[PDB]
């Protein structure tokens, strides 16, 4: 049941946020975001067009070059971010509702995970503002040599629909900590939590233009950000094919890019694993957020000695999953985010059936309505298949037996992807050895799907370029200047 501030918010046209003001599109167009558990329209939103992206970029450029954002001390900047975090925490329940409704995930996990992490991320990054240090370099008695880590300037950010608010925080936390200004676009299907959070940027005291939110569609608002001549740097998270596109376009202006694409991450259960823990880790690893997770462990490699114990257990778990609307207290898994996604993963499940794999559970849709799909366990698979090699992005897992550690490493690494990996073993040497050999940005030994503001994440190979979170994200938003002072 709706919180009064959520009811109030949804009782009207959702404005975009530009130069510190809530505004309609210049051309006046609007679009609809739906509630995926019911298919009804949830809200009507102002539709950012190229001309609006261009007003936003002008606002961001002004805030970066002159005014309080440019003049502020690092402590002052830090306090703004810290105050933002406090405000988000205060509106925690309203934001969790907005995510549960717009995105579809269960309210309680949006609150406990998503919202909670957004808060922590902004607090972490506030801490960095006064610590982005450069170097003094002893080279010669004749010169003072030093580097300055300057903000890159105006940055364009594109956010997908699977962790809407949290992902906005990854991107913004680091960029704002360096002193940049932002032009950010949420996904067409999940613009609500961010647009609601814009009230909190204004209230925390952000100067006008520091952040600008332009909801809209990829090919118009999206592309306007990527192709914009006055945007200094771009960051994107999405499909590998759209990633290729952003990079291609960014080339035209020798523009730095940061991308986090998808994956087909392996979750490995070795013979000496703690089988109880590994099975729960294997199930959560794919099923968390309905499989709508870049780093989902969509390949559970299990040691031949435990294939059957595991495959059984995952089937019983997969059946037990209570599907429902996110705003229902008993819902464990919600629906996918859109009809397009629902089709897209149903078409993977069949494409896989037509390829010869068999279904130990799921493989269809769920409930009377909503963009739902049953949690699905595939069995009898081969490394060359479509469903083994490609990111499905639904709650579908392929389980593969193996007979040697050297084999599982080779097969785990035989992929164009390399976002993440899990390794379950109790042996100290094996766990480090294997994690060392896996070609992925993040490896969890005896766990899976753990993220924190302080630990970087991202892909090797076609899973991305660069890293998000940690100190590391900060380098994406900086231009290093080397100053030499002749003191001969």
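Residue numbers count along the first chain shown, from 1.
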{"query": "300-308 or 117-125, whichever carries the higher mean Cα B-factor", "finding": "300-308"}
{"query": "Stretch with the greater mean C-alpha B-factor as recorded in the entry, comparing 95-103 against 320-328", "finding": "320-328"}
{"query": "Criterion, highest CA B-factor; candidates, 158, 360, 294, 166", "finding": "360"}
{"query": "Highest recorded Cα temperature factor - choice among 30, 442, 33, 425", "finding": "30"}
{"query": "Chain-relative CA temperature factor third for residue 112", "finding": "middle"}
{"query": "Modelled-residue ranking by C-alpha temperature factor, third containing residue 146", "finding": "lowest"}
{"query": "Chain third (lowest, middle, highest) by recorded CA B-factor, residue given as residue 38", "finding": "highest"}
{"query": "Third assignment of residue 213 from its chain's C-alpha B-factors", "finding": "lowest"}
{"query": "Position of residue 333 among the chain's modelled residues by C-alpha B-factor, lowest, middle or highest third", "finding": "middle"}
